[PDB]
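**Q** The structure follows.
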Amino acid sequence: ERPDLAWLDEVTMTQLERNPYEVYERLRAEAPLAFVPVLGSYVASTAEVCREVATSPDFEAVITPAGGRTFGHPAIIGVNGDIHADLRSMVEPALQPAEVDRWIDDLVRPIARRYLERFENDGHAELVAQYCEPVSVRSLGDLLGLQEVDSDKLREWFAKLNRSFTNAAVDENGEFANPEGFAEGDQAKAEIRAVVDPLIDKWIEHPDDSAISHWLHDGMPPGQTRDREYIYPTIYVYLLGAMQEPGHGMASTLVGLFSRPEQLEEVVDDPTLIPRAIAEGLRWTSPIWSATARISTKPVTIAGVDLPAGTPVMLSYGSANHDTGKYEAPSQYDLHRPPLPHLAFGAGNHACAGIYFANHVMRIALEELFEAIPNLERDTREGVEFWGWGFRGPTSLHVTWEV
Ligand code: HEM
Ligand SMILES: CCOc1ccccc1O
């Protein structure tokens with residue numbers, strides 16, 4: 001409908017999944033708020049518009065269409081008002097910085113060592129499958145109370161939920177172009193229910209220190225628990241992004257450091273630079289790239305576009321983090337970029353609740369990897385491909401080292 005953006009009609013879902021950055025560079029210049037036909041929604045592409053929409057009093061959270069088809073209600077990302085306040089109060093205790101600092105080292109560091117011990121003398125490894133994902137999922141799984149769910153299963157679940165949640169393509173009539181793409185999300189949920197329903201059965205009667213037990217019990221009247229149907233969608237929110245994103249952020253940070261060998265050596269030699277390297281990694285390839293959205297609650301004008309009430313806007317934070325109004329040469333990883341605000345954790349009342357936790361998981365994992373393999377090098381016989389529009393990260397990271 002917007003004439004000068006007719007080229008957007010030829011943008012495909014596969015193009016955005018393989019590399020959304022060329023399309024979004026055009027969007028940031030041509031239309032910071034733009035309706036993308038294959039996505040069926042307005043998208044915010046610049047830092048200014050994403051931040052404005054994420055923090056505006058005239059917008060509230062909305063789950064994307066494929067996200068809602070995947071998670072249902074009440075996903076913490078998709079609700080507001082009293083339900084959102086309750087779900088935030090439910091998840092926040094274990095994520096409080098003073099609480100994280102009590103146990104994060106004893107949680108993540110032995111896990112990192114366990115996975116490293118399997119390959120650190122091999123001289124070769126694919127770090128996404130052998131290290132970044134296992135550490136991410138084993139750390140969160142143990143915190144949640146899923147100690148008995150193997151890391152290969154947690155990784156399979158977040159991969160299936162990822163593809164279902166981002167199964168966003170719509171056809172010429174605005175209907176989902178790929179309805180079969182939700183089936184593997186439904187199968188993952190069915191498997192999760194089979195595993196987790198007995199655990200909830202047990203936690204209701206015998207609460208323990210697992211996070212999901214506290215989600216059932218915290219803040220409830222005596223002898224009452226939150227209904228499992230009320231907390232399952234937020235369990236799914238965790239079993240997708242909370243399981244997936246720390247591993248993605250680790251791996252993207254490593255790919256960026258390998259792209260700047262001098263900076264990789266700097267960080268190996270001085271591990272106090274790991275937090276800075278990670279912050280730049282998150283900006284450089286944002287793990288949550290375009291997964292969340294807001295919806296207008298009254299008529300509003302954003303970036304010159306008059307939106308009616310009830311208009312969804314997708315928040316493409318991964319594009320906003322390449323906003324050249326903010327950053328010079330943003331497609332280059334640069335550890336020595338000044339530490340500027342970024343949107344990799346979102347903004348507003350629905351901003352990431354687990355920032356402090358996630359930053360420490362990533363930090364500890366990279367600390368242990370560099371201590372165990374200080375001569376780590378990328379395997380240049382291998383290419384690194386990144387995949388994902390909703391969630392983005394490298395699909396493999398082949399490395400080598402002299403042993
Ligand atoms: C590096 C890994 C992570 C990245 C890049 C990250 C980035 C985000 C982003 C972009 C959002 C959406 C914010 C918005 O719409 O404005 C988010 C929502 C959230 N994240 Fe994180 N996240 C990360 C790891 C976690 C972890 C490990 C947890 C849990 C332990 C976590 C708990 C949340 C929760 C509960 C929400 C929903 C917040 C709400 O809607 O009220 N995140 N995260
Ligand atoms: C823990 C955050 O997980 C998500 C965030 C935004 C969209 C989907 C998610 O699973």
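Here's how to read the names in the structure tokens: chain A, B, ... by the order shown, residue numbers from 1 in each chain, ligand numbers from 1 in the order shown.
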Residues of region 89-175 of chain A that approach region 7-28 of chain A to 10 Å or less, counting only C-alpha atoms: could you list each one with the shortest pair of atoms and its distance in Å to one decimal, rows by chain and increasing residue number, as a tab-separated table?

**A**
residue	atom	partner	partner_atom	distance
A:166	CA	A:17	CA	9.4
A:167	CA	A:13	CA	9.0
A:168	CA	A:13	CA	8.0
A:169	CA	A:13	CA	6.0
A:170	CA	A:13	CA	9.0
A:172	CA	A:9	CA	10.0

**Q** Please write out the residues within 7 Å of ligand 1 as a VMD selection string, counting only C-alpha atoms and all ligand atoms.

**A** chain A and resid 54 76 to 78 84 88 91 95 140 238 241 to 243 245 to 246 249 282 286 to 288 292 to 293 317 344 to 355 357 to 359

**Q** I need the residues in region 346-396 of chain A that are alpha helix (DSSP H) according to DSSP; give them as number ranges by chain.

**A** A: 355-372

**Q** Any chance you can output those residues with C-alpha atoms as a short mmCIF file (atom, residue, chain, number, x, y, z; two decimals), in the first residue's frame?

**A**
data_model
loop_
_atom_site.label_atom_id
_atom_site.label_comp_id
_atom_site.auth_asym_id
_atom_site.auth_seq_id
_atom_site.Cartn_x
_atom_site.Cartn_y
_atom_site.Cartn_z
CA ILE A 355 19.88 -9.61 31.85
CA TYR A 356 22.17 -9.92 34.89
CA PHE A 357 21.86 -13.71 34.96
CA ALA A 358 22.39 -14.03 31.21
CA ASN A 359 25.47 -11.80 31.22
CA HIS A 360 27.08 -13.89 33.94
CA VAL A 361 26.32 -17.22 32.20
CA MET A 362 27.98 -15.93 29.07
CA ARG A 363 30.92 -14.41 30.93
CA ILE A 364 31.71 -17.55 32.90
CA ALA A 365 31.44 -19.78 29.83
CA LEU A 366 33.90 -17.63 27.90
CA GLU A 367 36.26 -17.36 30.88
CA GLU A 368 36.48 -21.13 31.20
CA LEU A 369 36.88 -21.72 27.46
CA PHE A 370 39.79 -19.28 27.11
CA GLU A 371 41.48 -20.63 30.21
CA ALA A 372 41.16 -24.19 28.89
#

**Q** Set the distance at 6 Å and use only C-alpha atoms: which residues neighbour residue 247 (chain A) once local chain neighbours fewer than 3 positions away are removed? I'd like the list as a list in words.

**A** residues 132, 133, 136, 244 and 250 of chain A

**Q** Quick check, in Å to one decimal: how far apart do CA of residue 227 (chain A) and CA of residue 195 (chain A) lie?

**A**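 Taking CA of residue 227 (chain A) as the start and CA of residue 195 (chain A) as the end point, the length is 16.9 Å.
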
**Q** A:387, A:230, A:176, A:236: which is nearest residue 40 (chain A), counting only C-alpha atoms?

**A**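 Between A:387, A:230, A:176, A:236, the residue approaching residue 40 (chain A) most closely is A:176.
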
**Q** Would you please work out which residue, of A:214, A:248, A:260, A:337, is nearest to residue 93 (chain A) when using only C-alpha atoms?

**A**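 Of the candidates, the smallest distance to residue 93 (chain A) is held by A:214.
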
**Q** Please identify which residues in region 218-349 of chain A DSSP calls strand (DSSP E) from the backbone, and express them as a PyMOL selection string.

**A** chain A and resi 292-296+300-302+305-307+312-315

**Q** Could you state the separation of CA of residue 313 (chain A) and CA of residue 59 (chain A) in Å, given to one decimal place?

**A**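 It comes out at 9.2 Å.
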
**Q** Would you please work out which residue, of A:235, A:125, A:75, A:98, is nearest to residue 398 (chain A) when using only C-alpha atoms?

**A** A:125

**Q** Mind pulling up the distance from CA of residue 187 (chain A) to CA of residue 65 (chain A)?

**A**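 Between CA of residue 65 (chain A) and CA of residue 187 (chain A) the gap is 18.6 Å.
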
**Q** If we count only C-alpha atoms and set the cut-off at 7 Å, which residues sit around residue 137 (chain A), ignoring sequence neighbours fewer than 5 positions away in its own chain? Please answer as a short mmCIF file (atom, residue, chain, number, x, y, z; two decimals) with N, CA, C and O atoms, in the first residue's frame.

**A**
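Dumped to part.cif:
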data_model
loop_
_atom_site.label_atom_id
_atom_site.label_comp_id
_atom_site.auth_asym_id
_atom_site.auth_seq_id
_atom_site.Cartn_x
_atom_site.Cartn_y
_atom_site.Cartn_z
N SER A 151 20.83 -32.43 28.11
CA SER A 151 21.05 -31.20 27.36
C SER A 151 20.71 -31.37 25.89
O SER A 151 20.26 -30.41 25.24
N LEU A 154 16.98 -30.62 25.74
CA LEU A 154 16.67 -29.21 25.90
C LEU A 154 17.03 -28.44 24.63
O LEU A 154 16.31 -27.51 24.23
N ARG A 155 18.13 -28.82 23.97
CA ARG A 155 18.53 -28.17 22.73
C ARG A 155 17.55 -28.48 21.60
O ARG A 155 17.21 -27.59 20.80
N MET A 243 16.67 -20.70 27.20
CA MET A 243 17.61 -21.79 26.93
C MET A 243 18.55 -21.45 25.77
O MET A 243 19.72 -21.84 25.78
#
